[PDB]
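Below is one structure, written out as structure tokens; comments come after it.
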Amino acid sequence: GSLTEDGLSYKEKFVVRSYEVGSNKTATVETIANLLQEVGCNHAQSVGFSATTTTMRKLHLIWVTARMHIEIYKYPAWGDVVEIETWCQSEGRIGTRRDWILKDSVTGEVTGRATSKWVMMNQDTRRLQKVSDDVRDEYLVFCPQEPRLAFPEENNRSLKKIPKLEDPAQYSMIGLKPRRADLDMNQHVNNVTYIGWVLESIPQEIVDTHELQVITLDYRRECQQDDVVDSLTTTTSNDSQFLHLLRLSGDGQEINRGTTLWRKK
Amino acid sequence: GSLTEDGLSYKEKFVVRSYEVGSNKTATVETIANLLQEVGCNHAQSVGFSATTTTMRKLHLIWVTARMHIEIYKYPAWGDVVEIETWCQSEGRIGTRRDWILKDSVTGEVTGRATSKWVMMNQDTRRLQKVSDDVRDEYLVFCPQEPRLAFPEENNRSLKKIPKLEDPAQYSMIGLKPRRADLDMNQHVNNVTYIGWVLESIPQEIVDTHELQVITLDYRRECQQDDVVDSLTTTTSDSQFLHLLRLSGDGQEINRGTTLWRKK
Ligand SMILES: Cn1cc(N)c(C(=O)NC2CCC2)n1
Ligand SMILES: Cn1cc(N)c(C(=O)NC2CCC2)n1
């Protein structure tokens with residue numbers, strides 16, 4: 001991969017691997033989620049990062065995902081090359097936004113797009129805070145000045161308020177635990193695991209006859225290595241829509257909430 | 001990736017990804033296991049396959065892993081390029097063997113090696129079958145004639161008989177279930193999940209102070225999508241462990257193995 005000519009975005013090509021595909025022989029949404037994560041890491045490394053700035057490590061501050069939104073028009077097949085372009089943008093003192101565009105390397109058409117909202121948090125106390133002026137200027141040089149939105153639309157699906165699932169849920173997957181493969185280099189559960197865990201409550205019949213089009217996920221609390229999750233789902237709707245909820249098995253503390261949209265094959 | 005000049009092996013370079021590494025910022029043994037699996041698929045595709053031969057698809061026959069053995073000297077770091085060379089060989093009518101050599105793309109040194117024993121099963125009845133001729137000949141053109149062994153040594157770790165763990169186990173991880181990410185394109189639990197599941201019973205204190213050097217795993221039975229596994233471990237000794245994966249209910253054995261760890 002490499003930065004574009006202006007140095008205000010990064011591109012990377014990935015060949016889809018055999019273990020990265022599902023039953024339809026196309027990449028899973030978790031493979032896509034992993035690829036977006038990977039290109040974001042390479043973008044951060046290519047501009048002198050490790051993505052904590054000078055003032056962030058001084059104050060023990062980290063970026064945390066608050067929301068992920070992914071829309072896929074076509075899933076790349078096993079053996080195909082997918083090109084992903086990623087960039088970041090300041091959202092004032094609220095946090096940062098990271099966008100992605102997925103393309104077929106052969107045709108050059110947009111086969112998917114994603115958007116994420118990141119908030120600043122103290123690594124130790126876990127307390128959210130607004131972006132300071134000294135920190136905002138440190139990352140502003142790596143961002144476009146004019147708005148560059150992967151989801152421009154005057155009423156897009158990425159900004160909708162997600163309601164909380166009411167008990168009883170229509171479908172559920174109980175007793176979900178993360179293994180060492182689910183943890184990142186800092187021993188925290190990878191953000192992509194929550195996506196997989198959310199989808200565990202969707203019935204296998206829907207997965208066999210439908211393709212996942214859109215997924216919106218709100219990250220409320222992190223699941224520890226020794227925590228147990230419960231995935232809950234209810235159909236709300238040629239298109240099926242679901243409301244989702246991930247919570248701790250014990251106290252029932254909410255850790256994630258979201259919605260998915262599926263279309264008939 | 002591509003086949004070598006003689007067409008009797010395949011090579012491929014992989015850049016280690018950020019989500020593929022552990023706390024030491026080096027690739028996990030499951031990332032390595034995934035890479036070996038991937039290079040084996042590309043090798044099979046590059047020589048005209050869909051590794052099912054002509055006779056095999058007519059008879060509803062598949063290759064299944066009976067044994068996996070991996071030895072790592074150095075784990076590639078996040079950002080490093082690892083080159084893997086893989087090849088197949090016949091072992092008479094008992095089955096097939098697949099070997100791998102892992103190398104650092106910069107220095108060219110051997111940083112790891114693996115060997116696997118594959119047996120021929122009937123997809124539907126799940127019944128083991130010996131490798132008859134005709135199907136033996138159909139694939140012997142893609143294999144070296146003289147023995148090419150990643151583990152040559154007479155009396156090496158890859159050929160040792162693994163005993164069955166006795167109850168009670170010293171360490172255990174219970175209630176393990178596969179998710180959709182753990183399944184392959186045919187909806188079967190990926191062989192690499194069993195490796196991860198085996199390692200779930202190793203205490204986090206050993207993982208934090210030791211590096212995994214060798215792992216030998218015997219595949220006895222497949223775990224279904226709706227099955228629940230129990231991972232059991234006992235220290236037998238460098239630290240050495242005896243492992244056992246079994247179904248939560250009936251306690252049916254699905255996998256057994258051993259791991260060797262060195263102090264950091
Ligand atoms: C720690 N980190 C770096 C990233 N680039 C991501 C990231 O984009 N995560 C989302 C969740 C679906 C992919 N997370
Ligand atoms: C379906 N398939 C093709 C392969 N080449 C492998 C394979 O080598 N798997 C082993 C166990 C983890 C490494 N499995």
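Residues in the structure tokens are numbered from 1 in each chain, the chains being A, B, ... in the order shown, and ligands are numbered from 1 in the order shown.
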DSSP-assigned helix (DSSP H, G or I) members of stretch 17-209 of chain B, reported as an MDAnalysis selection string: chainID B and resid 18:20 29:46 54:58 135:142 157:159 180:182 191:199 204:209
All residues 8 Å or closer to stretch 189-201 of chain A, only C-alpha atoms, same chain fewer than 4 positions away omitted, as a ChimeraX atom specification: /A:30,33-34,65,171-173,176,178,182-184,217,222-225,231-233,244-246,256 /B:179-181
Shell of 7 Å around residue A:19, only C-alpha atoms, local chain residues under 2 positions omitted, as a list in words: residues 17 and 21 of chain A; 184 of chain B
Given 10 Å and only C-alpha atoms and all ligand atoms, residues near ligand 1 as an MDAnalysis selection string: (chainID A and resid 29:44 51 62:70 86 98:100 114:118 184:186 188 190:195 217 219) or (chainID B and resid 18:19)
Pull N, CA and C atoms from the residues just selected and write them as a CSV table (one decimal), in the first residue's frame.
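Output file part_14.csv is given in full below:
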chain,number,residue,atom,x,y,z
A,29,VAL,N,-18.2,-10.5,6.0
A,29,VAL,CA,-18.2,-9.1,6.4
A,29,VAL,C,-17.1,-8.9,7.5
A,30,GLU,N,-16.7,-9.9,8.2
A,30,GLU,CA,-15.6,-9.8,9.2
A,30,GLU,C,-14.3,-9.8,8.5
A,31,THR,N,-14.2,-10.4,7.3
A,31,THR,CA,-12.9,-10.3,6.5
A,31,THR,C,-12.8,-8.8,6.0
A,32,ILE,N,-13.9,-8.3,5.5
A,32,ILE,CA,-13.9,-6.9,5.1
A,32,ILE,C,-13.5,-6.0,6.2
A,33,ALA,N,-14.2,-6.2,7.4
A,33,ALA,CA,-13.9,-5.4,8.6
A,33,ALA,C,-12.4,-5.4,9.0
A,34,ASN,N,-11.8,-6.6,8.9
A,34,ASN,CA,-10.4,-6.9,9.1
A,34,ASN,C,-9.5,-6.1,8.1
A,35,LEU,N,-9.9,-6.1,6.8
A,35,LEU,CA,-9.2,-5.4,5.8
A,35,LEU,C,-9.2,-3.9,6.0
A,36,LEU,N,-10.4,-3.3,6.4
A,36,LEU,CA,-10.5,-1.9,6.7
A,36,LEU,C,-9.6,-1.5,7.9
A,37,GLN,N,-9.6,-2.3,8.9
A,37,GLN,CA,-8.8,-2.2,10.1
A,37,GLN,C,-7.3,-2.1,9.7
A,38,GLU,N,-6.9,-3.0,8.9
A,38,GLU,CA,-5.5,-3.2,8.4
A,38,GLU,C,-5.1,-2.0,7.6
A,39,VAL,N,-5.9,-1.5,6.6
A,39,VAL,CA,-5.5,-0.4,5.8
A,39,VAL,C,-5.4,0.9,6.7
A,40,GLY,N,-6.3,1.0,7.8
A,40,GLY,CA,-6.3,2.1,8.7
A,40,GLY,C,-5.0,2.1,9.5
A,41,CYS,N,-4.5,0.9,9.8
A,41,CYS,CA,-3.2,0.8,10.6
A,41,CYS,C,-2.0,1.2,9.7
A,42,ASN,N,-2.0,0.8,8.5
A,42,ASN,CA,-0.9,1.1,7.5
A,42,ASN,C,-1.0,2.6,7.2
A,43,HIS,N,-2.2,3.2,7.1
A,43,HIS,CA,-2.3,4.6,6.8
A,43,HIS,C,-1.6,5.4,8.0
A,44,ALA,N,-2.0,5.0,9.3
A,44,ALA,CA,-1.4,5.6,10.5
A,44,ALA,C,0.1,5.5,10.6
A,51,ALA,N,-3.3,5.2,16.8
A,51,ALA,CA,-2.8,6.3,16.1
A,51,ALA,C,-2.6,7.5,17.1
A,62,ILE,N,-6.2,7.6,24.2
A,62,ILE,CA,-6.4,6.7,23.1
A,62,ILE,C,-7.6,7.0,22.3
A,63,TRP,N,-7.7,6.6,21.0
A,63,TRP,CA,-8.9,6.7,20.2
A,63,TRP,C,-9.6,5.4,20.3
A,64,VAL,N,-10.9,5.5,20.6
A,64,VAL,CA,-11.8,4.3,20.7
A,64,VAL,C,-12.9,4.4,19.7
A,65,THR,N,-13.4,3.2,19.1
A,65,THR,CA,-14.5,3.3,18.1
A,65,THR,C,-15.8,3.4,18.9
A,66,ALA,N,-16.6,4.4,18.5
A,66,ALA,CA,-17.9,4.6,19.1
A,66,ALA,C,-19.0,4.1,18.1
A,67,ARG,N,-18.8,4.1,16.8
A,67,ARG,CA,-19.7,3.6,15.8
A,67,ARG,C,-19.0,3.2,14.5
A,68,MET,N,-19.5,2.1,14.0
A,68,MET,CA,-19.0,1.5,12.7
A,68,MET,C,-20.3,1.4,11.8
A,69,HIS,N,-20.1,1.7,10.5
A,69,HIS,CA,-21.2,1.6,9.6
A,69,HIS,C,-20.6,1.0,8.3
A,70,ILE,N,-21.1,-0.1,7.8
A,70,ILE,CA,-20.6,-0.7,6.5
A,70,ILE,C,-21.7,-1.0,5.5
A,86,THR,N,-8.6,4.8,2.2
A,86,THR,CA,-9.0,5.3,3.5
A,86,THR,C,-8.5,6.6,3.9
A,98,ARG,N,-13.4,8.2,10.3
A,98,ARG,CA,-12.5,7.5,9.3
A,98,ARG,C,-13.4,6.9,8.3
A,99,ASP,N,-13.2,7.2,7.0
A,99,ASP,CA,-14.0,6.6,5.9
A,99,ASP,C,-13.2,5.7,5.0
A,100,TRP,N,-13.9,4.8,4.3
A,100,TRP,CA,-13.3,3.8,3.4
A,100,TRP,C,-14.1,3.7,2.2
A,114,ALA,N,-17.5,2.3,3.9
A,114,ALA,CA,-17.6,2.3,5.4
A,114,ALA,C,-17.3,3.6,6.0
A,115,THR,N,-17.8,3.9,7.2
A,115,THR,CA,-17.6,5.1,8.0
A,115,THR,C,-17.5,4.7,9.5
A,116,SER,N,-16.6,5.3,10.2
A,116,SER,CA,-16.5,5.1,11.7
A,116,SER,C,-16.3,6.4,12.4
A,117,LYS,N,-16.9,6.4,13.6
A,117,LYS,CA,-16.8,7.6,14.5
A,117,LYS,C,-15.9,7.2,15.7
A,118,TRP,N,-14.8,7.9,15.9
A,118,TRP,CA,-13.9,7.6,17.0
A,118,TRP,C,-13.9,8.7,18.0
A,184,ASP,N,-6.4,-8.4,20.4
A,184,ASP,CA,-5.5,-7.6,19.6
A,184,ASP,C,-4.1,-7.7,20.3
A,185,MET,N,-3.1,-6.9,19.8
A,185,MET,CA,-1.7,-6.9,20.4
A,185,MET,C,-1.7,-6.3,21.9
A,186,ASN,N,-2.7,-5.6,22.3
A,186,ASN,CA,-2.9,-5.0,23.6
A,186,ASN,C,-3.8,-5.8,24.5
A,188,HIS,N,-6.9,-6.6,24.2
A,188,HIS,CA,-8.3,-6.2,24.2
A,188,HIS,C,-9.1,-6.9,23.1
A,190,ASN,N,-10.9,-7.6,19.9
A,190,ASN,CA,-10.9,-6.8,18.6
A,190,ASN,C,-12.3,-6.4,18.2
A,191,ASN,N,-12.4,-5.1,17.7
A,191,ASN,CA,-13.7,-4.5,17.3
A,191,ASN,C,-14.5,-5.4,16.3
A,192,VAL,N,-13.8,-6.2,15.5
A,192,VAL,CA,-14.4,-7.1,14.5
A,192,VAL,C,-15.1,-8.2,15.1
A,193,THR,N,-14.7,-8.7,16.4
A,193,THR,CA,-15.4,-9.8,17.1
A,193,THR,C,-16.8,-9.5,17.4
A,194,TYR,N,-17.1,-8.2,17.9
A,194,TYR,CA,-18.4,-7.7,18.2
A,194,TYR,C,-19.3,-7.8,17.0
A,195,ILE,N,-18.8,-7.6,15.7
A,195,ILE,CA,-19.5,-7.7,14.5
A,195,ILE,C,-19.9,-9.2,14.3
A,217,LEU,N,-23.2,-0.5,13.8
A,217,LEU,CA,-22.9,-1.0,15.2
A,217,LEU,C,-22.4,0.1,16.1
A,219,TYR,N,-20.7,1.0,19.7
A,219,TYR,CA,-19.9,0.4,20.7
A,219,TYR,C,-20.1,1.1,22.0
B,18,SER,N,-1.6,-6.5,11.1
B,18,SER,CA,-1.8,-5.9,12.4
B,18,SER,C,-2.6,-6.8,13.3
B,19,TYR,N,-3.8,-7.3,12.8
B,19,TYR,CA,-4.7,-8.1,13.6
B,19,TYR,C,-4.2,-9.6,13.7
Environment of ligand 2 within 9 Å, counting only C-alpha atoms and all ligand atoms, reported as a PDB file with N, CA, C and O atoms, in the first residue's frame:
ATOM      1  N   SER A  18      -8.426 -17.990   0.913  1.00  0.00           N
ATOM      2  CA  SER A  18      -9.355 -19.119   0.968  1.00  0.00           C
ATOM      3  C   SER A  18     -10.095 -19.217   2.282  1.00  0.00           C
ATOM      4  O   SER A  18     -11.286 -19.492   2.269  1.00  0.00           O
ATOM      5  N   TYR A  19      -9.406 -19.018   3.424  1.00  0.00           N
ATOM      6  CA  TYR A  19     -10.067 -19.086   4.727  1.00  0.00           C
ATOM      7  C   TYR A  19     -10.849 -17.805   5.068  1.00  0.00           C
ATOM      8  O   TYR A  19     -11.452 -17.720   6.141  1.00  0.00           O
TER       9      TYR A  19
ATOM     10  N   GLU B  30      -1.748 -19.511  15.104  1.00  0.00           N
ATOM     11  CA  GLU B  30      -2.949 -19.656  14.286  1.00  0.00           C
ATOM     12  C   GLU B  30      -2.804 -18.847  12.995  1.00  0.00           C
ATOM     13  O   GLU B  30      -3.329 -19.271  11.963  1.00  0.00           O
ATOM     14  N   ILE B  32       0.154 -18.374  11.471  1.00  0.00           N
ATOM     15  CA  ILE B  32       1.034 -19.274  10.728  1.00  0.00           C
ATOM     16  C   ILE B  32       0.227 -20.421  10.111  1.00  0.00           C
ATOM     17  O   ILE B  32       0.247 -20.574   8.899  1.00  0.00           O
ATOM     18  N   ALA B  33      -0.606 -21.096  10.919  1.00  0.00           N
ATOM     19  CA  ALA B  33      -1.465 -22.191  10.481  1.00  0.00           C
ATOM     20  C   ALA B  33      -2.379 -21.803   9.307  1.00  0.00           C
ATOM     21  O   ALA B  33      -2.604 -22.617   8.417  1.00  0.00           O
ATOM     22  N   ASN B  34      -2.898 -20.557   9.313  1.00  0.00           N
ATOM     23  CA  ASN B  34      -3.749 -19.986   8.273  1.00  0.00           C
ATOM     24  C   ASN B  34      -2.919 -19.782   7.004  1.00  0.00           C
ATOM     25  O   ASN B  34      -3.369 -20.132   5.921  1.00  0.00           O
ATOM     26  N   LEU B  35      -1.694 -19.239   7.144  1.00  0.00           N
ATOM     27  CA  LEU B  35      -0.786 -19.019   6.032  1.00  0.00           C
ATOM     28  C   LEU B  35      -0.402 -20.316   5.349  1.00  0.00           C
ATOM     29  O   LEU B  35      -0.389 -20.365   4.121  1.00  0.00           O
ATOM     30  N   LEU B  36      -0.120 -21.373   6.121  1.00  0.00           N
ATOM     31  CA  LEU B  36       0.235 -22.672   5.537  1.00  0.00           C
ATOM     32  C   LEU B  36      -0.960 -23.238   4.760  1.00  0.00           C
ATOM     33  O   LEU B  36      -0.795 -23.802   3.677  1.00  0.00           O
ATOM     34  N   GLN B  37      -2.161 -23.096   5.321  1.00  0.00           N
ATOM     35  CA  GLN B  37      -3.394 -23.546   4.704  1.00  0.00           C
ATOM     36  C   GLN B  37      -3.608 -22.833   3.368  1.00  0.00           C
ATOM     37  O   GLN B  37      -3.940 -23.466   2.372  1.00  0.00           O
ATOM     38  N   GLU B  38      -3.360 -21.522   3.351  1.00  0.00           N
ATOM     39  CA  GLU B  38      -3.526 -20.653   2.193  1.00  0.00           C
ATOM     40  C   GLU B  38      -2.543 -20.980   1.076  1.00  0.00           C
ATOM     41  O   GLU B  38      -2.945 -21.044  -0.080  1.00  0.00           O
ATOM     42  N   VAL B  39      -1.275 -21.199   1.407  1.00  0.00           N
ATOM     43  CA  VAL B  39      -0.290 -21.551   0.401  1.00  0.00           C
ATOM     44  C   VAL B  39      -0.599 -22.961  -0.174  1.00  0.00           C
ATOM     45  O   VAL B  39      -0.455 -23.166  -1.375  1.00  0.00           O
ATOM     46  N   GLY B  40      -1.131 -23.868   0.640  1.00  0.00           N
ATOM     47  CA  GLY B  40      -1.532 -25.194   0.181  1.00  0.00           C
ATOM     48  C   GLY B  40      -2.707 -25.142  -0.787  1.00  0.00           C
ATOM     49  O   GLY B  40      -2.799 -25.965  -1.700  1.00  0.00           O
ATOM     50  N   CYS B  41      -3.607 -24.153  -0.619  1.00  0.00           N
ATOM     51  CA  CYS B  41      -4.744 -23.958  -1.511  1.00  0.00           C
ATOM     52  C   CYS B  41      -4.282 -23.393  -2.813  1.00  0.00           C
ATOM     53  O   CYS B  41      -4.704 -23.863  -3.867  1.00  0.00           O
ATOM     54  N   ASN B  42      -3.378 -22.411  -2.766  1.00  0.00           N
ATOM     55  CA  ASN B  42      -2.854 -21.810  -3.981  1.00  0.00           C
ATOM     56  C   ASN B  42      -2.035 -22.818  -4.757  1.00  0.00           C
ATOM     57  O   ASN B  42      -2.163 -22.858  -5.979  1.00  0.00           O
ATOM     58  N   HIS B  43      -1.245 -23.674  -4.074  1.00  0.00           N
ATOM     59  CA  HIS B  43      -0.467 -24.727  -4.725  1.00  0.00           C
ATOM     60  C   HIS B  43      -1.416 -25.672  -5.485  1.00  0.00           C
ATOM     61  O   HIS B  43      -1.180 -25.936  -6.657  1.00  0.00           O
ATOM     62  N   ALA B  44      -2.515 -26.113  -4.840  1.00  0.00           N
ATOM     63  CA  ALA B  44      -3.528 -26.984  -5.445  1.00  0.00           C
ATOM     64  C   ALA B  44      -4.217 -26.333  -6.647  1.00  0.00           C
ATOM     65  O   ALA B  44      -4.495 -27.005  -7.621  1.00  0.00           O
ATOM     66  N   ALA B  51      -7.889 -30.667  -2.720  1.00  0.00           N
ATOM     67  CA  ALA B  51      -7.005 -31.253  -3.735  1.00  0.00           C
ATOM     68  C   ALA B  51      -7.628 -32.531  -4.334  1.00  0.00           C
ATOM     69  O   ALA B  51      -6.987 -33.578  -4.403  1.00  0.00           O
ATOM     70  N   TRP B  63      -9.805 -35.356   0.948  1.00  0.00           N
ATOM     71  CA  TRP B  63      -8.614 -35.470   1.772  1.00  0.00           C
ATOM     72  C   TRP B  63      -8.937 -34.833   3.115  1.00  0.00           C
ATOM     73  O   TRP B  63      -9.486 -33.736   3.161  1.00  0.00           O
ATOM     74  N   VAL B  64      -8.620 -35.508   4.206  1.00  0.00           N
ATOM     75  CA  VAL B  64      -8.858 -34.974   5.543  1.00  0.00           C
ATOM     76  C   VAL B  64      -7.545 -34.969   6.339  1.00  0.00           C
ATOM     77  O   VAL B  64      -6.732 -35.871   6.161  1.00  0.00           O
ATOM     78  N   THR B  65      -7.322 -33.956   7.187  1.00  0.00           N
ATOM     79  CA  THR B  65      -6.113 -33.925   8.010  1.00  0.00           C
ATOM     80  C   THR B  65      -6.250 -34.907   9.173  1.00  0.00           C
ATOM     81  O   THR B  65      -7.247 -34.890   9.899  1.00  0.00           O
ATOM     82  N   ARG B  67      -3.117 -35.480  11.012  1.00  0.00           N
ATOM     83  CA  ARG B  67      -2.070 -35.014  11.890  1.00  0.00           C
ATOM     84  C   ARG B  67      -1.442 -33.726  11.374  1.00  0.00           C
ATOM     85  O   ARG B  67      -1.182 -33.617  10.188  1.00  0.00           O
ATOM     86  N   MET B  68      -1.151 -32.780  12.272  1.00  0.00           N
ATOM     87  CA  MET B  68      -0.465 -31.524  11.974  1.00  0.00           C
ATOM     88  C   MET B  68       0.686 -31.393  12.957  1.00  0.00           C
ATOM     89  O   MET B  68       0.527 -31.668  14.142  1.00  0.00           O
ATOM     90  N   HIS B  69       1.850 -31.003  12.472  1.00  0.00           N
ATOM     91  CA  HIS B  69       3.018 -30.818  13.331  1.00  0.00           C
ATOM     92  C   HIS B  69       3.718 -29.518  12.911  1.00  0.00           C
ATOM     93  O   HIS B  69       4.028 -29.371  11.730  1.00  0.00           O
ATOM     94  N   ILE B  70       3.917 -28.568  13.832  1.00  0.00           N
ATOM     95  CA  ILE B  70       4.548 -27.296  13.487  1.00  0.00           C
ATOM     96  C   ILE B  70       5.670 -26.949  14.445  1.00  0.00           C
ATOM     97  O   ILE B  70       5.464 -26.992  15.651  1.00  0.00           O
ATOM     98  N   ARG B  98       2.001 -33.404   3.440  1.00  0.00           N
ATOM     99  CA  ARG B  98       2.269 -32.073   2.903  1.00  0.00           C
ATOM    100  C   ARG B  98       3.265 -31.379   3.815  1.00  0.00           C
ATOM    101  O   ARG B  98       3.065 -31.372   5.032  1.00  0.00           O
ATOM    102  N   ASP B  99       4.376 -30.861   3.256  1.00  0.00           N
ATOM    103  CA  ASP B  99       5.383 -30.197   4.076  1.00  0.00           C
ATOM    104  C   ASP B  99       5.510 -28.699   3.779  1.00  0.00           C
ATOM    105  O   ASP B  99       5.108 -28.237   2.715  1.00  0.00           O
ATOM    106  N   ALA B 114       6.762 -27.139   8.931  1.00  0.00           N
ATOM    107  CA  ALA B 114       5.566 -27.911   9.303  1.00  0.00           C
ATOM    108  C   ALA B 114       5.386 -29.170   8.445  1.00  0.00           C
ATOM    109  O   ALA B 114       5.917 -29.266   7.337  1.00  0.00           O
ATOM    110  N   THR B 115       4.648 -30.142   8.974  1.00  0.00           N
ATOM    111  CA  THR B 115       4.361 -31.370   8.248  1.00  0.00           C
ATOM    112  C   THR B 115       2.935 -31.813   8.600  1.00  0.00           C
ATOM    113  O   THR B 115       2.486 -31.618   9.743  1.00  0.00           O
ATOM    114  N   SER B 116       2.205 -32.345   7.619  1.00  0.00           N
ATOM    115  CA  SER B 116       0.845 -32.809   7.856  1.00  0.00           C
ATOM    116  C   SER B 116       0.604 -34.157   7.191  1.00  0.00           C
ATOM    117  O   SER B 116       1.140 -34.409   6.118  1.00  0.00           O
ATOM    118  N   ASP B 184     -15.341 -22.997   7.364  1.00  0.00           N
ATOM    119  CA  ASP B 184     -14.762 -22.829   6.031  1.00  0.00           C
ATOM    120  C   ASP B 184     -15.870 -22.616   4.964  1.00  0.00           C
ATOM    121  O   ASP B 184     -17.042 -22.493   5.325  1.00  0.00           O
ATOM    122  N   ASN B 190     -12.947 -25.012  10.633  1.00  0.00           N
ATOM    123  CA  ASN B 190     -11.603 -24.923  10.082  1.00  0.00           C
ATOM    124  C   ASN B 190     -10.595 -25.623  10.992  1.00  0.00           C
ATOM    125  O   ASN B 190     -10.655 -25.453  12.202  1.00  0.00           O
ATOM    126  N   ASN B 191      -9.674 -26.408  10.416  1.00  0.00           N
ATOM    127  CA  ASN B 191      -8.653 -27.153  11.156  1.00  0.00           C
ATOM    128  C   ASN B 191      -7.814 -26.291  12.100  1.00  0.00           C
ATOM    129  O   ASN B 191      -7.217 -26.817  13.037  1.00  0.00           O
ATOM    130  N   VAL B 192      -7.710 -24.985  11.814  1.00  0.00           N
ATOM    131  CA  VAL B 192      -6.930 -24.039  12.618  1.00  0.00           C
ATOM    132  C   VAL B 192      -7.630 -23.698  13.919  1.00  0.00           C
ATOM    133  O   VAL B 192      -6.947 -23.315  14.872  1.00  0.00           O
ATOM    134  N   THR B 193      -8.986 -23.844  13.983  1.00  0.00           N
ATOM    135  CA  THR B 193      -9.779 -23.564  15.192  1.00  0.00           C
ATOM    136  C   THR B 193      -9.416 -24.539  16.297  1.00  0.00           C
ATOM    137  O   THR B 193      -9.253 -24.132  17.447  1.00  0.00           O
ATOM    138  N   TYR B 194      -9.217 -25.815  15.943  1.00  0.00           N
ATOM    139  CA  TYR B 194      -8.801 -26.843  16.889  1.00  0.00           C
ATOM    140  C   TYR B 194      -7.479 -26.501  17.544  1.00  0.00           C
ATOM    141  O   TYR B 194      -7.296 -26.813  18.719  1.00  0.00           O
ATOM    142  N   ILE B 195      -6.566 -25.848  16.805  1.00  0.00           N
ATOM    143  CA  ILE B 195      -5.272 -25.410  17.316  1.00  0.00           C
ATOM    144  C   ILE B 195      -5.507 -24.356  18.382  1.00  0.00           C
ATOM    145  O   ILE B 195      -4.971 -24.476  19.482  1.00  0.00           O
TER     146      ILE B 195
END
Could the residues of chain B that have an atom at most 6 Å from chain A be listed as JSON lines, each with its closest atom pair and the distance in Å to one decimal, counting only C-alpha atoms and ordered by chain and ascending residue number?
{"residue": "B:22", "atom": "CA", "partner": "A:185", "partner_atom": "CA", "distance": 4.7}
{"residue": "B:23", "atom": "CA", "partner": "A:185", "partner_atom": "CA", "distance": 4.3}
{"residue": "B:185", "atom": "CA", "partner": "A:23", "partner_atom": "CA", "distance": 4.3}
{"residue": "B:186", "atom": "CA", "partner": "A:23", "partner_atom": "CA", "distance": 5.9}
C-alpha atoms of the current selection, written as a short mmCIF file (atom, residue, chain, number, x, y, z; two decimals), in the first residue's frame:
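Produced file part.cif, reproduced below:
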data_model
loop_
_atom_site.label_atom_id
_atom_site.label_comp_id
_atom_site.auth_asym_id
_atom_site.auth_seq_id
_atom_site.Cartn_x
_atom_site.Cartn_y
_atom_site.Cartn_z
CA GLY B 22 -0.20 -11.26 19.60
CA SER B 23 1.10 -9.26 22.61
CA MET B 185 -16.52 -22.39 2.60
CA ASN B 186 -18.13 -25.88 3.07
#
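Take the candidates B:201, B:255, B:9, B:123 and check each one against residue B:221 using only C-alpha atoms; the shortest distance goes to B:255.
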Distance in Å - atom CA of residue B:75 versus atom CA of residue B:105: 12.7 Å
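The shortest atom-to-atom distance to residue A:106, with only C-alpha atoms taken into account, belongs to A:81 out of A:120, A:261, A:94, A:81.
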Residues near residue B:110, cut-off 10 Å, only C-alpha atoms, skip fewer than 4 positions along chain, as a ChimeraX atom specification: /B:72-74,82-84,101-105
Save the residues we just selected, N, CA, C and O atoms, as a short mmCIF file (atom, residue, chain, number, x, y, z; two decimals), in the first residue's frame?
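Result went into part37.cif, see below:
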data_model
loop_
_atom_site.label_atom_id
_atom_site.label_comp_id
_atom_site.auth_asym_id
_atom_site.auth_seq_id
_atom_site.Cartn_x
_atom_site.Cartn_y
_atom_site.Cartn_z
N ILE B 72 8.38 -23.78 15.19
CA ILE B 72 8.75 -22.40 14.88
C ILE B 72 9.98 -21.95 15.66
O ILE B 72 9.97 -21.99 16.89
N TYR B 73 11.01 -21.47 14.97
CA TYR B 73 12.24 -20.95 15.61
C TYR B 73 12.12 -19.45 15.89
O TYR B 73 12.67 -18.96 16.86
N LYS B 74 11.41 -18.73 15.04
CA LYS B 74 11.25 -17.29 15.17
C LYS B 74 9.92 -16.90 14.54
O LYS B 74 9.62 -17.31 13.41
N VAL B 82 7.06 -13.01 5.15
CA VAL B 82 7.42 -14.39 5.39
C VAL B 82 7.21 -15.18 4.10
O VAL B 82 6.16 -15.06 3.48
N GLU B 83 8.23 -15.95 3.66
CA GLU B 83 8.08 -16.75 2.44
C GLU B 83 7.86 -18.20 2.83
O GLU B 83 8.61 -18.73 3.64
N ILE B 84 6.81 -18.83 2.30
CA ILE B 84 6.51 -20.22 2.62
C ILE B 84 6.60 -21.09 1.37
O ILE B 84 5.92 -20.81 0.37
N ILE B 101 8.12 -25.02 4.62
CA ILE B 101 9.32 -24.36 5.12
C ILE B 101 8.99 -22.86 5.17
O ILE B 101 8.50 -22.30 4.20
N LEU B 102 9.19 -22.23 6.33
CA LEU B 102 8.94 -20.81 6.53
C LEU B 102 10.27 -20.10 6.57
O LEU B 102 11.21 -20.56 7.21
N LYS B 103 10.37 -18.98 5.87
CA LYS B 103 11.62 -18.23 5.78
C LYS B 103 11.42 -16.72 5.94
O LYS B 103 10.35 -16.18 5.62
N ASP B 104 12.46 -16.03 6.41
CA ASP B 104 12.42 -14.58 6.51
C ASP B 104 12.77 -14.10 5.09
O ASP B 104 13.76 -14.55 4.52
N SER B 105 11.93 -13.24 4.51
CA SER B 105 12.17 -12.75 3.16
C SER B 105 13.44 -11.90 3.05
O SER B 105 14.04 -11.82 1.96
#
